[PDB]
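First comes the structure, then the notes that go with it.
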Amino acid sequence: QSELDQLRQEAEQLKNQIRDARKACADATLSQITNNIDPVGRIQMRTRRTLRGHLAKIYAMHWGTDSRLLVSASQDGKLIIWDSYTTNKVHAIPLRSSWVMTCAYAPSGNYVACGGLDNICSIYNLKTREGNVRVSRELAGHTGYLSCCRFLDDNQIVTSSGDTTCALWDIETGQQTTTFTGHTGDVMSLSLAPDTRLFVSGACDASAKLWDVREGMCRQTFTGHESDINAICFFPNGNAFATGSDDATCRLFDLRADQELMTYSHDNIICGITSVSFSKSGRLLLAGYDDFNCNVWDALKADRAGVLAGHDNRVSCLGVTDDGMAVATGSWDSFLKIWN
Amino acid sequence: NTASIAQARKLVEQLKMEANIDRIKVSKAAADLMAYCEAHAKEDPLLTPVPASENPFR
Amino acid sequence: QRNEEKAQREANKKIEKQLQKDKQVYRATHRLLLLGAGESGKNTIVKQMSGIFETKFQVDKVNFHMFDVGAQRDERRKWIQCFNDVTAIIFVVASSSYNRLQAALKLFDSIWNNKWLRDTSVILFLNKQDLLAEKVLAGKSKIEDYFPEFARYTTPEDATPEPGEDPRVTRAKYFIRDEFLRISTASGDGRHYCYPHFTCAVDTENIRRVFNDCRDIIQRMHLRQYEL
Amino acid sequence: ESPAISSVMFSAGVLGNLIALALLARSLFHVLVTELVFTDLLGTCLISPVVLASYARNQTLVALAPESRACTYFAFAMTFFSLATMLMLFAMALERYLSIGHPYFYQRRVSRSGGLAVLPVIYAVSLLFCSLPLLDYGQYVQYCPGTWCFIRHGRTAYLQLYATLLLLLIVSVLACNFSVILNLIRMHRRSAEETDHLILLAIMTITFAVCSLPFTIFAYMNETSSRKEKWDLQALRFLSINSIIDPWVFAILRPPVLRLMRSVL
Amino acid sequence: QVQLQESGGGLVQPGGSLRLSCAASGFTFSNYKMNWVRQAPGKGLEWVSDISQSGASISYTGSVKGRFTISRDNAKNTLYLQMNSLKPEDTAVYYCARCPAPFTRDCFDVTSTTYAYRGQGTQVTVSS
Ligand SMILES: O=C(O)COc1cccc(CN(Cc2ccc(-n3cccn3)cc2)S(=O)(=O)c2cccnc2)c1
């Protein structure tokens with residue numbers, strides 16, 4: 001009874017200590033030492049391609065490391081692998097469950113992962129011995145819906161779930177190698193670092209966490225937002241990341257400074273952010289919104305310098321190619337577009 | 001409140017384990033990000049549009 | 001050189017030939033979201049009609065797939081957005097067992113006023129009418145003990161009841177139906193309709209009710225195309 | 001003999017069609033109304049110059065001023081555009097009837113992609129059934145106003161078949177519209193906007209039954225009786241008036257516009 | 001951090017009056033619809049009252065309608081619940097919940113036993 005209040009008082013004392021430390025390490029705003037560099041001007045991206053063939057809304061999408069092939073997951077039950085240069089469909093996999101919410105493409109191009117409301121992550125082999133595309137594995141063991149998944153290699157995979165936990169699985173064996181606990185809400189997204197040592201995860205508790213893959217413990221916690229976090233993405237060098245939330249605001253956090261540096265918001269933006277991504281240099285930050293549009297932000301100057309308006313329904317997913325040559329956007333109107 | 005005491009111990013343990021870490025100043029972190037964005041300013045096809053001859057989506 | 005490209009084109013042609021057969025099947029089926037309030041008899045209604053369970057039934061050669069979420073948490077503001085294109089949400093409410101009736105009212109108010117579920121229609125099944133009748137005659141628990149405006153409520157004129165029930169059970173049932181219809185009637189922001197029904201465990205004609213309500217939903221959906 | 005009636009109604013019709021095409025060229029019904037206004041404008045713009053030509057090239061003296069094969073083409077294109085508009089109206093009525101009368105069946109078997117093919121099959125059937133007389137199966141003659149030609153009464157059996165095909169299309173359109181009205185009333189009783197649709201369909205059905213039946217009414221009578229009373233001219237003027245009214249009530253008086261006009265009051 | 005701190009609880013004889021306060025920090029108080037919920041000893045969380053962004057739309061549950069009154073002061077980001085004519089069946093832990101998203105008109109999961117935008121709660125005891 002009283003010991004619980006003792007523990008709460010200790011926790012609030014530690015919170016005050018951490019906040020005062022943060023305030024001590026904050027000497028000059030990013031928006032002050034960036035006031036001299038020249039603006040990027042204006043970005044004018046146009047719809048080069050438009051991929052058709054999905055029946056329902058598209059939830060997920062992921063580029064390949066060869067920068068040419070693309071994957072998309074639709075709520076009709078289709079996992080379609082497109083060739084983006086020629087607009088040809090390379091594969092069309094039918095799923096056992098229609099409620100897929102995430103999809104991932106292996107960095108080797110051999111496997112594809114997908115999960116959803118069935119709490120299972122299915123791994124499909126794309127290079128079977130002169131045969132079809134078949135379910136290579138089915139990783140089960142989560143308690144809530146599977147919201148995100150990312151390959152580390154052809155054998156390891158990290159998945160976020162709606163049961164407030166992340167998991168690192170060995171695909172060959174089939175059981176969880178590591179479990180990352182600590183979030184109090186549905187983990188909505190995860191982002192791998194340039195190196196495969198760390199990864200950030202955002203949840204509905206308006207906080208993001210940094211997890212070490214090898215050890216399995218949480219390093220840092222970031223609490224700048226004030227509503228559910230939907231998107232997360234690492235800065236190209238891995239020393240910072242960016243998040244988007246339902247409070248209609250994107251934010252940039254640093255790993256070594258352990259606090260937020262920039263806030264991207266505007267007065268007429270009152271819709272949440274569904275997806276964020278960085279360009280190859282890290283100067284531009286693309287963010288999809290509920291108002292059917294995508295905004296391009298100057299990551300250093302915090303001024304918006306472009307719009308992407310080609311979708312008729314909510315922009316659900318968004319991804320920049322590994323060579324920085326194109327931006328694929330998928331929306332609930334069942335169309336994938338490529339911008340350049 | 002026998003299930004709450006252990007959760008509170010875990011929370012305060014995580015708090016005091018993540019309170020003792022290194023923190024550089026915001027000036028140097030922002031300078032590193034600016035230097036990275038300046039070093040790769042020409043290697044970004046979206047930041048500066050490539051002509052239609054090297055653009056594969058033309 | 002060009003042989004690889006034409007092989008790619010042939011693979012794409014076969015993929016699209018299969019996608020057409022899949023598209024003809026995706027349009028013939030109607031998906032429903034069975035979203036009960038818990039302890040409301042939705043299990044008995046799916047008896048009648050691990051992450052998510054699915055039940056297929058067929059009425060007049062029309063196929064319906066009804067989904068019930070299983071191993072999920074009690075926070076549902078993130079996975080419910082998956083069901084914005086479902087033709088109908090079947091909302092089961094334990095009319096006798098409750099404060100679970102206020103919980104059901106608040107859940108229906110959240111669904112009705114959600115930004116993405118604003119064009120989705122709700123078929124409202126007020127289950128547990130037998131226990132409601134026995135509890136209104138027995139007088140064990142009153143709705144006035146949880147809904148003080150139950151007094152001074154006069155039963156409306158229309159919708160004659162079946163003879164075997166006491167008029168006070170009619171008053172209670174229609175008071176709960178009006179509690180739901182106030183929420184259904186008031187917001188006006190998005191297009192969608194509510195279809196309140198009375199069900200039971202001994203009932204056997206719920207599939208035809210869902211059939212007729214979905215027929216009306218699809219009729220009103222086709223009707224909008226003509227304007228604007 | 002001045003263009004007090006002809007040119008003014010032609011100008012009103014093409015102006016209404018262009019107004020409709022302005023708010024339209026920017027669903028299956030959408031495809032159908034585009035094609036309807038397209039064929040209406042095509043027919044009127046290709047027919048009316050030919051009837052205007054016999055006003056300056058003749059002072060009521062010689063009905064055939066340009067050549068000997070002019071009013072033949074006039075009557076041919078007249079029958080062609082008449083059958084085209086009637087078949088388009090039948091297709092739209094059948095689509096709407098299925099849409100409101102049999103929703104489940106319509107939900108699957110009918111898709112927007114197959115909507116563009118309606119114009120091609122109707123034009124084919126109409127070219128066939130209207131070049132049928134050009135292959136000696138029929139024959140055209142000139143009428144009392146002189147500024148037009150059409151099928152001769154008697155000496156063949158083509159005018160009766162044309163009139164009975166028109167009557168079949170008209171009664172089919174009326175049956176579909178009455179069934180849709182019945183279904184709308186039923187769905188309003190089982191339950192704003194259904195009243196709007198009822199008003200619109202009542203207007204459309206009345207203006208279709210008033211401006212398209214007189215042709216069949218007068219085509220089943222003797223040629224000597226009509227010309228004495230000058231009914232043969234109004235018989236076709238009413239079909240042209242129907243072709244004017246169609247795009248207006250289909251695109252300009254849409255349920256949103258009727259709702260605005262009722263909110264103004 | 002989104003922090004909601006409640007105050008004003010205590011033991012009151014049946015029929016007395018109380019006034020609970022809720023101080024908010026870490027978010028724009030005037031963009032969210034606020035709620036008062038409670039948990040009775042041995043029961044689950046139940047919704048008590050709610051008030052919209054401005055204060056024009058207010059709703060109570062059947063048990064407290066007529067006795068309680070909720071208000072919000074946007075100038076100091078504070079929520080108040082004045083409880084009048086308390087009875088023994090009002091003893092519970094009271095929580096101050098925030099609606100999950102701004103500018104919306106619907107709040108889904110304010111009574112989920114794990115909701116992240118709640119407070120710690122004040123114990124209101126009614127006895128002699
Ligand atoms: O000289 C005189 O008094 C006699 O002139 C005559 C003689 C006989 C019949 C007519 C009517 N007309 C011919 C016509 C008929 C049908 C269509 N059509 C149908 C579907 C699509 N198009 C188009 C044109 S019309 O006057 O040119 C006209 C009226 C209204 C709108 N557009 C044009 C006039």
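We label chains A, B, ... in the order they appear in the structure tokens, count residues from 1 in each chain, and number ligands from 1 in the order shown.
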
Long-range neighbours of residue 15 of chain E as a PyMOL selection string, 8 Å cut-off, only C-alpha atoms, 2 positions minimum in chain:
chain E and resi 13+17+84-87

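With only C-alpha atoms taken into account, the protein and nucleic acid residues at most 12 Å from residue 56 of chain E (excluding it and anything under 6 positions from it in its own chain) are residues 33, 50, 70, 71 and 72 of chain E.
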
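Residues lying within 10 Å of residue 111 of chain D, counting only C-alpha atoms and ignoring same-chain neighbours fewer than 5 positions away, are residues 27, 28 and 106 of chain D.
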
Please produce a file of those selected residues containing N, CA and C atoms, as a CSV table (one decimal), in the first residue's frame.
chain,number,residue,atom,x,y,z
D,27,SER,N,-18.5,6.2,-62.6
D,27,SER,CA,-19.5,5.2,-62.4
D,27,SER,C,-20.2,4.8,-63.7
D,28,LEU,N,-20.9,3.7,-63.7
D,28,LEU,CA,-21.6,3.2,-64.9
D,28,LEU,C,-22.6,4.2,-65.4
D,106,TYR,N,-27.1,-7.2,-59.3
D,106,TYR,CA,-26.4,-6.1,-59.9
D,106,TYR,C,-25.0,-5.9,-59.3

At a cut-off of 6 Å, list the chain D residues touching chain C, using only C-alpha atoms, as a PyMOL selection string.
chain D and resi 100+108+254-256

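The residue that comes closest to residue 51 of chain A, out of A:124, A:211, A:222, A:82 and on the basis of only C-alpha atoms, is A:82.
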
Find the residues of chain C that sit at most 9 Å from chain A; for each, write down the nearest two atoms and how far apart they are in Å, to one decimal. Count only C-alpha atoms. Sort by chain, then by number going up, and give it as a tab-separated table.
residue	atom	partner	partner_atom	distance
C:8	CA	A:88	CA	7.2
C:9	CA	A:88	CA	6.9
C:11	CA	A:90	CA	7.0
C:12	CA	A:89	CA	5.3
C:13	CA	A:89	CA	8.7
C:15	CA	A:92	CA	6.7
C:16	CA	A:53	CA	7.9
C:18	CA	A:92	CA	9.0
C:19	CA	A:53	CA	7.6
C:23	CA	A:55	CA	7.1
C:26	CA	A:76	CA	7.4
C:50	CA	A:118	CA	6.4
C:51	CA	A:118	CA	4.1
C:52	CA	A:118	CA	5.8
C:53	CA	A:118	CA	8.9
C:69	CA	A:117	CA	8.3
C:70	CA	A:118	CA	9.0
C:71	CA	A:143	CA	6.4
C:72	CA	A:144	CA	5.1
C:73	CA	A:144	CA	6.7
C:75	CA	A:186	CA	8.5
C:78	CA	A:186	CA	8.2
C:79	CA	A:117	CA	7.7
C:82	CA	A:99	CA	7.2
C:85	CA	A:56	CA	8.5

Quick one: everything within 8 Å of residue 241 of chain D, counting only C-alpha atoms, minus sequence neighbours fewer than 4 positions away in the same chain. Send it as a list in words.
residues 9, 211, 237 and 245 of chain D

Please write out the residues within 8 Å of ligand 1 as a PyMOL selection string, counting only C-alpha atoms and all ligand atoms.
chain D and resi 1-3+5-7+9-14+39-49+51-52+54-55+78+81-82+84-85+145-149+233-234+236-244

Excluding residue 106 of chain E and any residue of its chain fewer than 5 positions from it, enumerate the residues within 12 Å of it, using only C-alpha atoms, and give them as an MDAnalysis selection string.
(chainID C and resid 77 106:118 183 187) or (chainID E and resid 32:35 50:53 98:101)

Counting only C-alpha atoms, which residues from chain E have an atom at most 7 Å from any atom of chain A, and could you show them as a ChimeraX atom specification?
/E:1-2,26-27,100-102,116

Go ahead and save the picked residues with C-alpha atoms, as a PDB file, in the first residue's frame.
ATOM      1  CA  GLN E   1       5.078  13.357 -21.095  1.00  0.00           C
ATOM      2  CA  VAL E   2       1.281  13.373 -20.881  1.00  0.00           C
ATOM      3  CA  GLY E  26       2.245  17.804 -21.673  1.00  0.00           C
ATOM      4  CA  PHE E  27      -0.562  18.485 -24.155  1.00  0.00           C
ATOM      5  CA  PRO E 100      -7.008   9.488 -27.336  1.00  0.00           C
ATOM      6  CA  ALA E 101      -6.948  11.897 -30.294  1.00  0.00           C
ATOM      7  CA  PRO E 102      -7.412  15.662 -30.673  1.00  0.00           C
ATOM      8  CA  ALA E 116      -2.178   5.236 -21.204  1.00  0.00           C
TER       9      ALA E 116
END

Could you write out as a VMD selection string the residues of chain E within 10 Å of chain C, counting only C-alpha atoms?
chain E and resid 44 46 to 48 61 to 66 100 104 to 115

For the residues in the current selection, export N, CA and C atoms as a short mmCIF file (atom, residue, chain, number, x, y, z; two decimals), in the first residue's frame.
data_model
loop_
_atom_site.label_atom_id
_atom_site.label_comp_id
_atom_site.auth_asym_id
_atom_site.auth_seq_id
_atom_site.Cartn_x
_atom_site.Cartn_y
_atom_site.Cartn_z
N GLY E 44 -14.99 -3.40 -12.33
CA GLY E 44 -14.19 -2.85 -13.39
C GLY E 44 -14.41 -1.36 -13.56
N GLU E 46 -15.67 2.03 -15.03
CA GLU E 46 -16.90 2.46 -15.67
C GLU E 46 -16.85 3.96 -15.91
N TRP E 47 -17.52 4.39 -16.97
CA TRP E 47 -17.50 5.79 -17.37
C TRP E 47 -18.53 6.57 -16.55
N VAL E 48 -18.11 7.70 -16.00
CA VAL E 48 -18.94 8.52 -15.13
C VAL E 48 -19.45 9.76 -15.84
N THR E 61 -23.59 9.76 -16.57
CA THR E 61 -24.24 8.46 -16.52
C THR E 61 -25.52 8.56 -15.70
N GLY E 62 -26.34 7.51 -15.80
CA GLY E 62 -27.63 7.53 -15.14
C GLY E 62 -27.54 7.61 -13.63
N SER E 63 -26.48 7.05 -13.05
CA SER E 63 -26.38 7.00 -11.59
C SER E 63 -26.05 8.36 -10.99
N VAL E 64 -25.31 9.20 -11.71
CA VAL E 64 -24.86 10.48 -11.17
C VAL E 64 -25.59 11.67 -11.78
N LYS E 65 -26.38 11.46 -12.83
CA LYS E 65 -27.10 12.56 -13.46
C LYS E 65 -28.04 13.22 -12.46
N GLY E 66 -27.83 14.52 -12.22
CA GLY E 66 -28.59 15.28 -11.26
C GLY E 66 -27.80 15.67 -10.03
N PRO E 100 -8.30 9.87 -26.75
CA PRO E 100 -7.01 9.49 -27.34
C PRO E 100 -6.51 10.42 -28.43
N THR E 104 -11.33 15.05 -32.22
CA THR E 104 -12.30 14.03 -32.54
C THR E 104 -13.54 14.17 -31.65
N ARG E 105 -14.58 13.41 -32.01
CA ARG E 105 -15.84 13.43 -31.28
C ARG E 105 -16.15 12.08 -30.64
N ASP E 106 -15.19 11.15 -30.64
CA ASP E 106 -15.39 9.81 -30.11
C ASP E 106 -14.14 9.37 -29.36
N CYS E 107 -14.34 8.76 -28.20
CA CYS E 107 -13.25 8.29 -27.34
C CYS E 107 -13.44 6.80 -27.09
N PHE E 108 -12.50 5.99 -27.59
CA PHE E 108 -12.71 4.55 -27.62
C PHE E 108 -12.40 3.89 -26.28
N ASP E 109 -11.17 4.01 -25.79
CA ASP E 109 -10.63 3.03 -24.85
C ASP E 109 -10.33 3.65 -23.50
N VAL E 110 -11.19 4.54 -23.02
CA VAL E 110 -10.89 5.26 -21.78
C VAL E 110 -11.07 4.36 -20.56
N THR E 111 -11.66 3.18 -20.73
CA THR E 111 -11.96 2.28 -19.62
C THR E 111 -11.39 0.88 -19.92
N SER E 112 -10.13 0.83 -20.33
CA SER E 112 -9.51 -0.41 -20.79
C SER E 112 -8.56 -1.04 -19.79
N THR E 113 -8.45 -0.49 -18.57
CA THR E 113 -7.64 -1.06 -17.49
C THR E 113 -6.15 -0.99 -17.79
N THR E 114 -5.80 -0.55 -19.01
CA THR E 114 -4.41 -0.32 -19.40
C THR E 114 -4.27 0.97 -20.21
N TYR E 115 -5.30 1.82 -20.20
CA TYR E 115 -5.27 3.05 -20.98
C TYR E 115 -4.13 3.95 -20.52
#

May I ask you to extract the residues of chain A within 8 Å of chain B, using only C-alpha atoms, and to give them as JSON, numbers by chain?
{"A": [1, 3, 4, 7, 8, 10, 11, 14, 15, 17, 18, 25, 26, 27, 28, 29, 30, 33, 34, 40, 43, 48, 49, 85, 219, 220, 237, 254, 256, 257, 258, 261, 279, 280, 281, 282, 283, 284, 300, 324, 325, 326, 340]}

Helix (DSSP H, G or I) per DSSP on the backbone: members of chain E, as a ChimeraX atom specification
/E:29-31,88-90

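Separating atom CA of residue 74 of chain D from atom CA of residue 141 of chain D is a distance of 10.8 Å.
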
Taken to one decimal, the atom CA of residue 88 of chain D-atom CA of residue 253 of chain D distance is 19.0 Å
